[PDB]
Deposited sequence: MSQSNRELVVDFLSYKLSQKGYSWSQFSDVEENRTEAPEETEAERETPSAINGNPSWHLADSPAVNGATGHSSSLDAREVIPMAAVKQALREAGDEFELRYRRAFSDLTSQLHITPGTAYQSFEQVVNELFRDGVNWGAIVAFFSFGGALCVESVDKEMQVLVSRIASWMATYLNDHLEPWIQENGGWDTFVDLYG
């Protein structure tokens, strides 16, 4: 899904900019599956990832330090480490923790001067979302529901 790549890239750009860095009248019909506009998915995910970042100073330290992310890291290690964010199963709060992990991974790579990692990390996130999370999402009321719940 394109829309998921668009979510990833928006959330990351947002987080990088936030830390001072850089990435580099018609409604839907009812038969549409998401009738909620993408802008509002994005806005809600931005806010929730911001809120998640404020509650959890700690998180990912074991996870990011398990990762030891370099230009040699494969997707499979990222995947393994992300699986642990979902150890107890998928729910919307763990989806926010995932995006937030990706964001923190990006900020860390630009800090250690490995800009090249940004689009890889995004790509791993699109892949993870599409392989692993999107099937749960589209069976749990879509990003429409996520906006309902957090927006």
Spell out the unmodelled ranges of the deposited sequence for me, N- to C-terminal, numbering from the first residue. 1, 26-69
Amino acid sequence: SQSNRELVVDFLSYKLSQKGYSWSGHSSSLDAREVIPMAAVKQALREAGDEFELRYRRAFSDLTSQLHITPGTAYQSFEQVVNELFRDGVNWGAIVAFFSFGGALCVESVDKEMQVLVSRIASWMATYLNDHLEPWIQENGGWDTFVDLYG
From here on, numbers count along this sequence of modelled residues.
Averaging the C-alpha temperature factors as deposited, the higher value of 58-66 versus 88-96 falls on 58-66
Selected stretch [higher average CA B-factor]: 31-39 or 105-113: 31-39
Can you tell me which of 143, 136, 23, 128 has the maximum CA B-factor listed in the PDB entry? 23
CA B-factor placement of residue 8, once the chain's modelled residues are sorted into thirds: lowest
